[PDB]
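Structure at a glance
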Amino acid sequence: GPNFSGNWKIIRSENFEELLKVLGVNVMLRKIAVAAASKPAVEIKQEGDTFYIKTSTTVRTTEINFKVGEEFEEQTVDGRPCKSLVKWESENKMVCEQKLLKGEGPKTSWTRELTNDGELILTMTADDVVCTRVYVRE
Ligand SMILES: *S(=O)(=O)Oc1ccc(C#Cc2ccc3c(c2)C(C)(C)CCN3C(=O)CCC(=O)O)cc1
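- Here is the UniProt Function comment for the protein, exactly as written: "Transports retinoic acid to the nucleus. Regulates the access of retinoic acid to the nuclear retinoic acid receptors."
- Here is the UniProt Subunit comment for the protein, exactly as written: "Interacts with RXR and RARA (By similarity). Interacts with importin alpha."

**Topic: the nonpolar core**
- Counting 29 residues, the largest nonpolar core has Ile44, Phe66, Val86 and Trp110 as its most contacted members.
- By residue number, the principal contributor to this core is strand β9 (residues 120-126), which donates four residues.
- In contact with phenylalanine 66, other than residues within four places in its own chain, are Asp49, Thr50, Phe51, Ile53, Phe72, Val86, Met94 and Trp110.

**Topic: the sheet that holds strand β2 (residues 41-47)**
- The ten strands are arranged β4-β3-β2-β1-β10-β9-β8-β7-β6-β5 in an open sheet whose pairing can be described as antiparallel. Every other strand in the sheet has two partners, leaving β4 (61-67) and β5 (72-75) as the edge strands with one partner each. Across the sheet, the mean angle from the axis of one strand to that of its neighbour is 30°, orientation sign disregarded.
- Relative to β4, strand β3 (residues 50-56) runs antiparallel, the two sharing seven bridges.

**Thoughts on the UniProt feature "binding site: all-trans-retinoate" in the protein**
- Annotation from UniProt places "binding site: all-trans-retinoate" at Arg133, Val134 and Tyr135.
- When you line up the elements, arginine 133 lands in strand β10 (residues 129-137).
- Judged by relative accessible area, which is 6%, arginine 133 ranks as buried.
- Side chain to side chain, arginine 133 and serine 13 meet in a polar contact 2.9 Å long.
- In contact with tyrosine 135, other than residues within four places in its own chain, are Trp8, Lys9, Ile10, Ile11, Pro40, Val42, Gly118, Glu119, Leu120 and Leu122.

**A few points about the pairing of strand β7 (residues 93-100)**
- Where strand β6 (residues 81-90) and β7 come together, eight bridges link them in antiparallel fashion. Across the sheet, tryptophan 88 pairs through a bridge with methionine 94, a residue of β7.
- Between β6 and β7, which pair antiparallel one after the other, the connecting turn spans two residues.

Scoring rules and cut-offs
Residues numbered from 1 in each chain as written, not as in the entry; some residues may be left out. Heavy atoms only, no water. Residues with missing side-chain atoms left out of burial classes, pairs and counts. UniProt positions renumbered as here; feature names shortened; annotations may be inferred. Core = buried A, V, L, I, M, F, W, Y, C linked by side-chain atoms within 4.5 Å. Buried < 20%, exposed > 50% of the residue type's maximum accessible area, 1.4 Å probe, protein only. Helix = DSSP H or I, 4+ residues; strand = E, 2+ residues; numbered from the N terminus. Contact = heavy atoms within 4.5 Å. Pairing = 2+ DSSP bridges. Axes fitted to C-alpha atoms, helices over the stretch in contact; angles between N-to-C directions. Polar contact = N/O pair within 3.5 Å; in protein donor to acceptor, adjacent residues only side chain to side chain.

Here you go:
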(Lines give C-alpha, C1' and ligand atoms only; values in the text may rest on other atoms or scores of the structure.)
Protein backbone atom coordinates (compact mmCIF):
# COMPACT_ATOMS: atom_id res chain seq x y z
CA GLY A 1 0.00 0.00 0.00
CA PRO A 2 1.13 3.66 -0.03
CA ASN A 3 3.30 5.06 2.77
CA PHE A 4 1.32 7.22 5.29
CA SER A 5 4.64 8.66 6.70
CA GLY A 6 5.14 12.44 6.95
CA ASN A 7 3.75 15.72 8.29
CA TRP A 8 0.05 16.20 7.30
CA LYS A 9 -1.82 19.57 7.14
CA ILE A 10 -5.63 19.95 7.34
CA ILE A 11 -7.32 21.33 4.14
CA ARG A 12 -11.02 20.43 4.76
CA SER A 13 -13.07 19.48 7.85
CA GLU A 14 -16.77 18.42 7.98
CA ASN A 15 -18.94 17.94 11.08
CA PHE A 16 -16.17 17.89 13.77
CA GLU A 17 -18.34 20.04 16.08
CA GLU A 18 -21.51 18.00 15.21
CA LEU A 19 -19.63 14.83 16.22
CA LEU A 20 -18.48 16.29 19.60
CA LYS A 21 -22.06 17.54 20.25
CA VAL A 22 -23.70 14.07 19.66
CA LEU A 23 -21.01 12.67 22.04
CA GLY A 24 -22.24 15.12 24.74
CA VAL A 25 -19.18 17.46 24.78
CA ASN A 26 -20.26 20.85 26.25
CA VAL A 27 -20.36 23.92 24.01
CA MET A 28 -17.34 25.66 25.66
CA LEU A 29 -15.14 22.54 25.10
CA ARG A 30 -16.52 22.07 21.54
CA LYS A 31 -15.54 25.68 20.55
CA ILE A 32 -12.02 25.16 22.04
CA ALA A 33 -11.70 21.83 20.17
CA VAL A 34 -12.84 23.37 16.82
CA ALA A 35 -10.41 26.33 17.25
CA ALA A 36 -7.52 23.97 18.18
CA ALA A 37 -8.28 21.53 15.32
CA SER A 38 -8.21 24.54 12.88
CA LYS A 39 -4.36 24.23 12.82
CA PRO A 40 -3.25 20.80 13.94
CA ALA A 41 0.07 19.09 13.27
CA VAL A 42 -0.18 15.38 12.32
CA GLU A 43 3.10 13.37 12.28
CA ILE A 44 2.80 9.75 11.04
CA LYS A 45 5.75 7.27 11.10
CA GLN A 46 4.61 4.07 9.26
CA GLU A 47 6.88 0.96 9.42
CA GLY A 48 4.86 -1.63 7.44
CA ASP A 49 1.82 -2.47 9.62
CA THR A 50 3.38 -0.49 12.56
CA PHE A 51 2.14 3.12 13.04
CA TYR A 52 3.10 6.06 15.24
CA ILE A 53 0.60 8.95 14.89
CA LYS A 54 1.12 12.23 16.78
CA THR A 55 -1.77 14.68 16.60
CA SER A 56 -0.96 18.04 18.22
CA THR A 57 -2.91 21.27 18.76
CA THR A 58 -2.07 24.08 21.22
CA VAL A 59 -4.44 22.58 23.84
CA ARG A 60 -4.11 18.78 23.25
CA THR A 61 -1.54 16.26 21.96
CA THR A 62 -2.24 12.53 21.41
CA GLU A 63 0.44 9.94 20.50
CA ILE A 64 -0.84 6.50 19.46
CA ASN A 65 1.22 3.37 18.68
CA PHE A 66 -0.47 0.39 16.97
CA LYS A 67 0.24 -2.63 14.76
CA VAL A 68 -2.60 -3.29 12.28
CA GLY A 69 -4.30 -6.46 13.66
CA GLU A 70 -3.26 -5.99 17.36
CA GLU A 71 -5.38 -4.35 20.10
CA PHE A 72 -3.99 -1.07 21.55
CA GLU A 73 -5.06 1.71 23.96
CA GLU A 74 -5.95 5.26 22.79
CA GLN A 75 -8.76 7.77 23.49
CA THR A 76 -12.06 8.41 21.71
CA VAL A 77 -12.34 11.80 19.89
CA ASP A 78 -14.04 13.10 23.14
CA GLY A 79 -11.07 11.83 25.19
CA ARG A 80 -12.42 8.64 26.85
CA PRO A 81 -9.86 5.82 27.26
CA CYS A 82 -10.64 2.97 24.77
CA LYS A 83 -9.19 -0.32 23.44
CA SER A 84 -8.96 -0.19 19.61
CA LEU A 85 -8.38 -2.65 16.76
CA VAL A 86 -7.26 -1.59 13.24
CA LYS A 87 -7.70 -3.75 10.10
CA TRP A 88 -6.91 -3.05 6.41
CA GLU A 89 -10.20 -2.63 4.43
CA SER A 90 -8.05 -2.08 1.28
CA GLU A 91 -4.34 -1.38 0.39
CA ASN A 92 -5.19 2.34 0.92
CA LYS A 93 -7.61 2.39 3.91
CA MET A 94 -7.47 1.25 7.52
CA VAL A 95 -10.62 0.95 9.69
CA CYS A 96 -10.66 1.00 13.48
CA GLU A 97 -13.29 0.08 16.08
CA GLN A 98 -12.97 1.45 19.65
CA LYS A 99 -14.37 -0.23 22.84
CA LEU A 100 -14.39 1.87 26.07
CA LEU A 101 -12.02 0.64 28.85
CA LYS A 102 -14.65 1.52 31.54
CA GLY A 103 -18.48 1.61 31.27
CA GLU A 104 -20.57 1.77 28.05
CA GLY A 105 -21.04 4.62 25.52
CA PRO A 106 -21.86 5.18 21.83
CA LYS A 107 -20.09 2.98 19.20
CA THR A 108 -17.12 5.04 17.90
CA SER A 109 -14.83 4.23 14.98
CA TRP A 110 -12.31 5.89 12.68
CA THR A 111 -10.94 5.27 9.22
CA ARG A 112 -7.74 6.61 7.64
CA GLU A 113 -7.28 6.37 3.86
CA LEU A 114 -4.46 7.57 1.60
CA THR A 115 -6.22 8.47 -1.70
CA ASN A 116 -4.77 7.94 -5.23
CA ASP A 117 -4.30 11.80 -5.41
CA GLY A 118 -2.15 11.79 -2.16
CA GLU A 119 -4.86 13.08 0.30
CA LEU A 120 -5.13 11.59 3.78
CA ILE A 121 -8.82 11.29 4.78
CA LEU A 122 -9.63 10.65 8.47
CA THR A 123 -13.31 9.82 9.11
CA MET A 124 -14.64 9.61 12.70
CA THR A 125 -18.10 8.22 13.43
CA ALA A 126 -20.56 8.31 16.34
CA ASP A 127 -24.33 7.57 16.08
CA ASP A 128 -25.44 8.92 12.64
CA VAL A 129 -22.69 11.62 12.55
CA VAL A 130 -19.73 11.30 10.13
CA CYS A 131 -16.81 13.70 10.61
CA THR A 132 -14.32 13.91 7.67
CA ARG A 133 -10.87 15.55 7.94
CA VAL A 134 -8.83 15.82 4.71
CA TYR A 135 -5.06 16.44 4.83
CA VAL A 136 -2.21 16.95 2.35
CA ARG A 137 1.43 16.08 3.07
CA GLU A 138 3.69 19.08 3.91
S1 LIG B 1 -6.63 15.66 12.43
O2 LIG B 1 -5.94 14.46 12.61
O3 LIG B 1 -6.10 16.95 12.38
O4 LIG B 1 -7.93 15.64 13.30
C5 LIG B 1 -7.96 15.99 14.67
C6 LIG B 1 -8.70 15.22 15.56
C7 LIG B 1 -8.91 15.67 16.84
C8 LIG B 1 -8.37 16.90 17.25
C9 LIG B 1 -8.78 17.48 18.48
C10 LIG B 1 -9.14 17.92 19.53
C11 LIG B 1 -9.52 18.38 20.81
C12 LIG B 1 -9.05 19.60 21.27
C13 LIG B 1 -9.49 20.09 22.49
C14 LIG B 1 -10.32 19.33 23.30
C15 LIG B 1 -10.79 18.09 22.85
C16 LIG B 1 -10.40 17.63 21.60
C17 LIG B 1 -11.77 17.26 23.69
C18 LIG B 1 -11.13 15.92 24.08
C19 LIG B 1 -13.07 17.03 22.89
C20 LIG B 1 -12.14 18.01 24.98
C21 LIG B 1 -12.17 19.51 24.76
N22 LIG B 1 -10.74 19.80 24.55
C23 LIG B 1 -10.02 20.29 25.59
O24 LIG B 1 -10.51 20.40 26.70
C25 LIG B 1 -8.56 20.63 25.41
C26 LIG B 1 -7.68 19.39 25.41
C27 LIG B 1 -7.96 18.29 26.40
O28 LIG B 1 -8.84 17.50 26.25
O29 LIG B 1 -7.11 18.20 27.39
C30 LIG B 1 -7.55 17.62 16.38
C31 LIG B 1 -7.35 17.17 15.09
